[PDB]
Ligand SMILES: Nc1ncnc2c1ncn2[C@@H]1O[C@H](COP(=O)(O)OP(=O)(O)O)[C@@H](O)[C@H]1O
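One chain follows as structure tokens, the form solved without the named molecule.
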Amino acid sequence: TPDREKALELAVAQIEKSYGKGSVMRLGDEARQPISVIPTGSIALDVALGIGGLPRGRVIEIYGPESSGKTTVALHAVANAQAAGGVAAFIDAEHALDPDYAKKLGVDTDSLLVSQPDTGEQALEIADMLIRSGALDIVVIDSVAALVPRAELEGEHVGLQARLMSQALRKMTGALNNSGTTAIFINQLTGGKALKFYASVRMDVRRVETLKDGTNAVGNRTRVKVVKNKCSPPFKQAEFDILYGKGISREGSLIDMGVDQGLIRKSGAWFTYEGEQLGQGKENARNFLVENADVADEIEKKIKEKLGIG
């Protein structure tokens, strides 16, 4: 107990020195809070990440099935970076982006730099050029699976898509760290076995169940597991709502997390905050919080303070 605690401290200290800050952690530890993070759009996920958002200057992977919510999560990261005066880029080999949807959830699409590269090499090369400029807060790659190698596209064995990624990342990691630019790689299922090791954060996004008012389908309860996290204890998990045409329900995540923390009491169906009533249904509480941004900010501020998130 007594002589051991110092030998263990020493061991951890060496490991941080030799390999870097997050190289080893107890799962019960409090996260080192950075100066600035890129919030995700859900306080739930922000908390699950420890540091209140995605880290700057790092590689991030967000994977999951098609239409899982991963792209939505990436777009919010884009919107929040822009809203903080940042500049954004979207490297697109999927050709699936819906700008009106992006517009609706907060993205300044007009300002958004977009590139539709001819090959995987070019896609990563262009990203690297944007990154080394120093001008970007965030760049998104949609997607890893689509980063097809020139050789394959030119009709010319297979197995070098992995080599391509591996090479690109070795080069890109230093560039991101210096610039402080965040790189989000979206992924299906694969192709990124390099990505798994280079990524500081990995997020597993999935649809849990389908939200609805009656017969008509309004949205999706989404679930994210932070399977890898070099900036705070990993394996944390979050749930939030993605509403068709609207995106992540910030207000719905403030409520969920509000009651999670005791800031919002739930006497019956009624949701309560500081003696005042927010709504009878969860929707009413959600809707109340959209109509009253002041209180929604007030609640958000209280959740950050109680959990220590700058």
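Residues that one form lacks are left out of the comparison. Throughout, rigid core stands for the largest set of C-alpha atoms superposing within 1.5 Å between the two forms. In this text, residue numbers run from 1 along the sequence as written.
Absent from the display: the form deposited with the named molecule bound. The rest refers to it.
This chain is displayed without the named molecule, yet in the entry with it bound the stretch 67-75 from 67-75, 172-180, 107-115, 159-167 comes within 4.5 Å of it by heavy atoms. Distance criterion of 4.5 Å from any heavy atom to the named molecule in the entry with it bound singles out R207 from the list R132, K236, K228, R207.
Proximity of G281 to the named molecule in the entry with it bound falls outside the 4.5 Å heavy atom cutoff. Interface residue remark: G262 is not counted as part of the site for the named molecule in the entry with it bound, having no heavy atom within 4.5 Å. In the entry with it bound, at least one heavy atom of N220 sits within 4.5 Å of the named molecule.
Not displayed here, the named molecule is kept clear of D213 by more than 4.5 Å at the level of heavy atoms in the entry with it bound. Relative to the superposed core, just one shifted segment between this form and the one not shown, defined as three or more consecutive residues with every Cα moved by 2 Å or more, spans 213-215.
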